[PDB]
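**Q** Need the 3D shape of this:
(4 chains, ligands or ions: 9)
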Amino acid sequence: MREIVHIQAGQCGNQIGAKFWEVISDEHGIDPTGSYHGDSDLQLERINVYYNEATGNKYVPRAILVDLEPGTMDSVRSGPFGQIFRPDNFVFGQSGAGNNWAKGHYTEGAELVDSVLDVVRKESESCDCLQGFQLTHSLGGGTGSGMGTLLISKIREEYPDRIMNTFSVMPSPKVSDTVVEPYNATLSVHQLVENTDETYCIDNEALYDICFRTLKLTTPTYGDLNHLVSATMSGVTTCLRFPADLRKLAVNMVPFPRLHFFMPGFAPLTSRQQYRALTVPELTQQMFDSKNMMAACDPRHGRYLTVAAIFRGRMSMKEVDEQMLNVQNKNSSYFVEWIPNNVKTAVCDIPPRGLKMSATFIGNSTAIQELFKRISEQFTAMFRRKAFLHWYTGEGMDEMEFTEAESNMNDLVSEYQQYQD
Amino acid sequence: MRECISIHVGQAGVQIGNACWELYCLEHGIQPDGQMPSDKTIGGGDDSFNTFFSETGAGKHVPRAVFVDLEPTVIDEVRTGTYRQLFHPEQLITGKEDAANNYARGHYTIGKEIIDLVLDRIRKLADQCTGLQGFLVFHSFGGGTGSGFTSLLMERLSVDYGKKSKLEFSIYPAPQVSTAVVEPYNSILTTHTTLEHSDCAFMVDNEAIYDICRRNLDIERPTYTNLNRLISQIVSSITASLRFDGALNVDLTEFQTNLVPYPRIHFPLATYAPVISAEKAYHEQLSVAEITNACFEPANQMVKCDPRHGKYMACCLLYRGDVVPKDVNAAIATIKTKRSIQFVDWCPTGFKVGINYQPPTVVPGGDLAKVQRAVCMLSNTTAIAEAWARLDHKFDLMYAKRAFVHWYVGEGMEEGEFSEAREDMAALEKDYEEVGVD
Amino acid sequence: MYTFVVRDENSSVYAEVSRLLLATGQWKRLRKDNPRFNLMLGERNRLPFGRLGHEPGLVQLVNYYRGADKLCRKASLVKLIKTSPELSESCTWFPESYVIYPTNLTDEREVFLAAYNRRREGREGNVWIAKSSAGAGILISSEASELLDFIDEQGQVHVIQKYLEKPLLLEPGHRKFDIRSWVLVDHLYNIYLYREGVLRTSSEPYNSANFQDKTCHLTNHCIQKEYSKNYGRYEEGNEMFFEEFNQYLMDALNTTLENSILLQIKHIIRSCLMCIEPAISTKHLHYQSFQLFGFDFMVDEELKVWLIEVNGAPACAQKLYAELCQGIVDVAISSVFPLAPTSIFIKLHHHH
Amino acid sequence: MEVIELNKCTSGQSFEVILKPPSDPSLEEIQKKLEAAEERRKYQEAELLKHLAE
Ligand SMILES: Nc1nc2c(ncn2[C@@H]2O[C@H](COP(=O)(O)OP(=O)(O)OP(=O)(O)O)[C@@H](O)[C@H]2O)c(=O)[nH]1
Ligand SMILES: Nc1ncnc2c1ncn2[C@@H]1O[C@H](COP(=O)(O)OP(=O)(O)CP(=O)(O)O)[C@@H](O)[C@H]1O
Ligand SMILES: Nc1nc2c(ncn2[C@@H]2O[C@H](COP(=O)(O)OP(=O)(O)O)[C@@H](O)[C@H]2O)c(=O)[nH]1
Ligand SMILES: [Ca+2]
Ligand SMILES: [Ca+2]
Ligand SMILES: [Ca+2]
Ligand SMILES: [Mg+2]
Ligand SMILES: [Mg+2]
Ligand SMILES: [Mg+2]
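**A** Numbering: from 1, shown residues only, chains lettered A, B, ... in the order given. Ligands and ions are numbered 1, 2, ... in the order given. Structure data below:
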């Protein structure tokens, strides 16, 4: 009984989190009211990892919904699987965060953080053996970025020896709400560099290009972007929900404590020629292709420290090994040669809803430094002129704190750069 | 009669332990409920099979075994599997979260908290023995429990049972069946701290078992069940002398005597033949010479290496089935004139031979076919040092960058224990070279 | 797309094979420490054989046979011949040799002196030659005292073997020579003999009354091009190829190179390689091996061929690099890793 | 090629063929190692909490 406590904070965090519980609830045969109605025991084997079992064989997700304004979580409560969440696990304010990291982390968020931790403590205490935590949020806003990182900090204080895992949506000027996103993202990345064991970097620009160029969606929406994040979140967690361990995963994926920012990938990504079968070579060629990755980083600009793949569906496991060992042995210049056998492959028999077989890609690549470089550049472009700083200094923050975040992220890039050589 | 307590540590040791004890029951005519009709002394006796099974007043034959794992999902199979009735609950010990492939986590962090409990359950088994021989310890090199808790258990066993022999069955890490990148660290950490505490250790390279399963058994993608059943045949061959009437390797002390002239060099190479697919229409039964000659084919060694370029310090031939000494010597003579068998000048050029007339037992519905005769060769070649070289090299690649080291330091291990352990393996590699090279 | 790694930058042969492999556009070279390779052009000394053939899903091939040093070492070759029933001690094509350890260190000092005293007493030609693998350091002499005292002044194992006092001398010139044959053995242990050989000739007239000046007795390409004053006079670079040497044997001796010499060469090549096949074969191994060999022969005035030594890392004649290196890729490398004639070799069939 | 020490019984026999003649830490010290690593874990967690408290 290795339980995971899930937390979703802010607009992005709850909208992406909502669809995640909608996707896996479908895979485990849980309907919108928590009643199981599947046809396979594999669906219930690892069901307690993400679900609590209530009276009457009801399964309630182990999720804590957090936000500083009531709007988004009212949507979740009214959405498809809204009724499946525990009423007491909705913790929210009324002031909002104004896309301000200082408001979510020091002022507004600080007033609300304790009531969230009471709910976390309530869920952890009822866990037979808590694996760790997973947080979904964006870094470019205020609540999921500012307060999200405040939560991670207070969770690591109370549970220092539990794994802290996040799915983090990185800002991008292409799909950007406010100009202060570089500020909020830079301030959060430093928190994540210190207090998370694994962070899956999701770039809205990558999610956009996939929806535009690959999926052929003329006008992508946030909903379309979240469908990709749901499908990815379901893929990376397949090892945890079906017939392994968060700490075991971290051990084999993270060779250096600060370089724990992953690039995920999904395959297939077909446009509506959607019924055609996808051979194992196609799953493998696409899964490693940059166009299938959501970090908006060209892996051919760096090197993989470690790579993990999960294949879902009834396929030729012998042919899986042949194709994976073909991508490695045909591009080994992009894999560091000082970590032997740093490419691992796993198979799961249950495919996602509506796919005969799929493949999820998880890579610890030094190409991710390109993401932090872009953020660092946008940060400096405004900070050199102190543009929009008054929004943050008005919440008690000092310019010194910005100068440090800048340096912290530039040190992070220097660290990635040295292992790429 | 002297008893042998088997200890299974980690997932690899528990599942291999499960496969062996299943085979032992099939060999000794013991049913899943623990009953043994052929045993006419109800609730007692000092037969050869009593070295591995105790008896209750109710005629139950209980393995002298302890299963230890830091996480419970693997032992729970034993608790509810076919042979759940053989063991009582005190013999099955499971924690709630594993060592996460982290040696330091199994040796220090978790091991510290569970070591005295294991020693207490083992003491209970020892209290049923009128003359305990020692322990057989099954574990993996790569797992965090298999490596980290095993080495702590060996250190304590040397304290609590100083005059008892300890043998290992160690699973050498292979990328084809492992998803852990840090197993080279764990393998070298545990070999370092276990070396002075183990009298004789049988390494099984998962890479070897895997190809034997693909090649001889035509299993395109073998599973742990396939590997474990094959591994339990070799284990059964190696422990048969302790469980059956005989005169060769009749107690654990005789393994070091016949196979280990130098204490540090206590890693015999195991070679088994024949392995025949049960799905075959029907195989031509191989002769004593043919299966003996197969013992010098790299393709059926438990560790892939080239004995033609090492030196033999010892050599045991353990035959099971329709074999008479006349055929053995005929095959040996023919093999000397053809093969490359160079012994160390300070060791005789001979072969200790043991024959057990009962042919190998095979689990029904298994993968191995029923053969009329089989042999398992135990030879102490310097050629097995290749396995240390390979493993030591992978260690060096990662340790040069300190990759993954923070995970061990974070559990309380000092970084110097890495270099101290690597230096010990470098010495171990030097010993093999001083012995087998001119 | 196949991958190979280079671990011997000083290999003129495999520098060409590597150059050719890249030219096919279907071979990709990797860093010398990258384990995910199909082909390894390995180092001469301490090649890590124990690390080959352990990469999942990679058929790995190496250009050296583990154990061939038994054949390509002065003292090793002598012990192999004297202790192998296939070669026996009465091997008729290998000069009477003895392994002698310097007195500052089994050893055949006494056994060499017995055969020496026998020749001295029987009025027979008693001129021997001392040499070792640690040479560029050779000594030719008819006195046993000088031979043994020369090895003690050194500190490595040496070998004393009979000096062919009646070598076949080319005319005009009255000059010694040796024959270099290139033999490629593939992963299946087929023995291919390069149709092209070279005679490394001495540009100085052979002089049997003065072994002090070693420029007319030693036919090494470096000694002739350094201490010989007639270098390149009769043939370019003191190198005569089989076409010229064959025509000479017809005009002078009324015989052919095939009948008078090549039959014995092919016989000697087979005998040496078949002997060690059980020890070095990679038939049932987890990796495959091939290797190019340089066999060195001497020919006496009776047209009897003698084996001098076997080089495990030989170079090639400048004019024969292209053809031979291509042959290595064709039969040795592409036979295992095919790509998307009239062979240059002579298969020396044998029983495996 | 000599055979020696031939032992026979109902379930088998064993012998020896020769082809050629020839030519710890105490319980206390373990506890110290374990308690030292536990002390290093406690110190590292104190620095983490001290960091978080700052
Ligand atoms: N032959 C064989 N090898 C196994 C088996 N189970 C695991 N292994 C190997 O053991 C290594 C991993 O060690 P595990 O035994 O799984 O780890 P552990 O001992 O349970 O320790 P933890 O890290 O706490 O889980 C890998 O190389 C596996 O291939 C098995 O049943 N048979
Ligand atoms: N027993 C012998 N009788 C006659 N000549 C001999 C001889 N041993 C050596 N030589 C001469 O020495 C030359 C080769 O020497 P050797 O091969 O032993 O040294 P080496 O190995 O450094 C040269 P390489 O390896 O390039 O052929 C030949 O040209 C030959 O003329
Ligand atoms: N993929 C995705 N990104 C979003 C979504 N909503 C907001 N974002 C991104 O998140 C950032 C804004 O943060 P937001 O979650 O709205 O702020 P918060 O509610 O205060 O935490 C911007 O970079 C947006 O592009 C969403 O539904 N999906
Ligand atoms: Ca307020
Ligand atoms: Ca009894
Ligand atoms: Ca001891
Ligand atoms: Mg918003
Ligand atoms: Mg385990
Ligand atoms: Mg030479």
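**Q** For ligand 5, what's the nearest residue on chain D?
**A** Ligand 5 sits closest to residue D:11 of chain D, with a gap of 16.7 Å, by CB to the ion. (Each C-beta comes from the backbone N, C-alpha and C, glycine too.)
**Q** ok, residue A:278 touching residue A:284?
**A** No: in this structure, residue A:278 is not within contact of residue A:284 by CB atoms under 8 Å, at 10.2 Å.
**Q** the more surrounded of the two?
**A** Taking neighbours as other CB atoms under 10 Å in any protein chain shown, residue A:278 and residue A:284 compare with residue A:284 leading, 24 against 18.
**Q** what about the residue nearest to the spatial centre of chain B, which helix or strand?
**A** Nearest to the mean C-alpha position of chain B, by CA atoms, centre = their mean, lies residue B:169 at 2.2 Å. Using DSSP states H and E, residue B:169 sits in strand B:165-172.
**Q** for the stretch 101-250 of chain A, what spans make up the helices?
**A** Taking DSSP state H, counting those that start in this stretch as the criterion, the stretch 101-250 of chain A contains helices spanning A:101-105, A:108-125, A:148-158, A:181-195, A:204-209, A:222-236, A:238-241, A:246-253.
**Q** These: which one's closest to ligand 3?
**A** Shortest separation from ligand 3 across those is recorded for helix A:222-236, at 3.7 Å, computed as CB to the nearest ligand atom.
**Q** now the angle between helix A:246-253 and the closest one, please.
**A** When axes from the mean of the first three to the mean of the last three CA atoms, to 10 degrees is applied, the directions of helix A:222-236 and helix A:246-253 differ by 90 degrees.
**Q** Just confirm yes or no for helix A:222-236 near chain B.
**A** No: applying CB under 8 Å from any CB of the partner chain, one finds helix A:222-236 separated from chain B by no less than 14.8 Å.
**Q** quick one: that helix to chain centroid distance?
**A** Centroid separation for helix A:222-236 versus its chain: 9 Å, with CA atoms, centre = their mean, to the nearest Å.
**Q** And the residue nearest the centre of the chain?
**A** This is for chain A. Centroid-nearest residue in chain A, with CA atoms, centre = their mean: residue A:167, separated by 1.7 Å.
**Q** That was the other one, I meant chain D.
**A** Most central in chain D (CA atoms, centre = their mean) works out to residue D:24, at 10.8 Å.
**Q** if you skip the residues just before and after it, what's nearest to the residue of chain D closest to ligand 5?
**A** The shortest distance from residue D:11 to any non-neighbouring residue, by CB to CB, 6 or more residues apart in numbering or on different chains, is to residue B:245 (4.6 Å).
**Q** Using PDB, write out every CA atom in whichever helix or strand comes after the strand holding residue B:169.
**A** Of the helices and strands lying after strand B:165-172 in sequence (DSSP H and E), the nearest is helix B:183-194. What follows is the C-alpha trace of helix B:183-194 in PDB, where atoms were taken according to Å, rounded to 0.1, in the frame of the first residue of the first chain:
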ATOM      1  CA  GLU B 183      23.500  -1.600  -9.600                       C
ATOM      2  CA  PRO B 184      27.300  -1.400 -10.300                       C
ATOM      3  CA  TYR B 185      27.500   0.700  -7.200                       C
ATOM      4  CA  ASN B 186      25.500  -1.700  -5.100                       C
ATOM      5  CA  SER B 187      27.300  -4.800  -6.400                       C
ATOM      6  CA  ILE B 188      30.700  -3.400  -5.500                       C
ATOM      7  CA  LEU B 189      29.600  -2.000  -2.100                       C
ATOM      8  CA  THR B 190      28.200  -5.300  -1.000                       C
ATOM      9  CA  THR B 191      31.000  -7.500  -2.400                       C
ATOM     10  CA  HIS B 192      33.500  -5.300  -0.500                       C
ATOM     11  CA  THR B 193      31.800  -5.600   2.900                       C
ATOM     12  CA  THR B 194      30.800  -9.300   2.400                       C
END
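**Q** Check the burial of residue C:152 by counting its neighbours.
**A** Count around residue C:152 with other CB under 10 Å applied: 14.
**Q** Then the one 5 residues further on?
**A** Look at residue C:157: counted by other CB under 10 Å, it has 19 neighbours.
**Q** re earlier: tell me how far the closest residue in space to the residue nearest to the centre of chain B that isn't next to it in sequence lies from residue C:284.
**A** Distances taken as CB to CB, 6+ apart place residue B:138 nearest to residue B:169, at 4.6 Å, with adjacent residues excluded. Look at residue B:138 and residue C:284: by CB to CB, to the nearest Å, they are 30 Å apart.
**Q** Those two: who's more crowded?
**A** Taking neighbours as other CB under 10 Å, residue B:138 and residue C:284 compare with residue B:138 leading, 29 against 9.
**Q** Contacts only, for that one.
**A** Contacts for residue B:138 were tallied using CB atoms under 8 Å, 6 or more residues apart in numbering or on different chains; they are B:6-9, B:12-14, B:16-17, B:20, B:168-169.
**Q** same question, residue C:321
**A** The neighbourhood of residue C:321, defined by CB under 8 Å, 6+ apart, consists of C:12-13, C:16.
**Q** can I assume it sits in a strand?
**A** No: the assignment for residue C:321, made by DSSP: H, G, I helix; E, B strand; the rest coil, is helix rather than a strand.
**Q** Angles on the backbone of the residue nearest to residue D:11, please.
**A** phi -60, psi 130 (degrees, to the nearest 10).
**Q** I'd say it and residue D:13 touch.
**A** No: Residue B:245 is beyond contact range of residue D:13, at 10.3 Å (criterion: CB under 8 Å).
**Q** more crowded one of those two?
**A** More neighbours surround residue D:13 than the other of residue B:245 and residue D:13, with 21 against 14 (other CB under 10 Å).
**Q** quick one: which helix or strand includes that one?
**A** For residue D:13, the host element (DSSP H and E) is strand D:12-20.
**Q** Now that strand: buried residues?
**A** D:12-17, D:19 (16 or more other CB atoms under 10 Å in any protein chain shown).
**Q** Strand partners (parallel or antiparallel) of it?
**A** Here strand D:12-20 is paired, per DSSP bridges, with strand B:349-356 (antiparallel), strand D:2-9 (antiparallel).
**Q** List the residues that contact the residue nearest to the centre of chain A.
**A** Here residue A:167 is in contact with A:16, A:134-137, A:199-200, A:202, A:229, A:233 (CB under 8 Å, 6+ apart).
**Q** Closest to ligand 1 out of those residues?
**A** The closest of the contacts of residue A:167 to ligand 1 turns out to be residue A:134 (CB to the nearest ligand atom; 21.4 Å).
**Q** Do I have it right that the closest one meets residue A:7?
**A** Yes: between residue A:134 and residue A:7 there is a contact under CB under 8 Å: 7.1 Å.
**Q** What's the first helix or strand after the one helix or strand residue C:324 maps to?
**A** According to DSSP H and E, residue C:324 maps onto helix C:321-328. Using DSSP H and E, the next helix or strand after helix C:321-328 towards the C-terminus is strand C:345-347.
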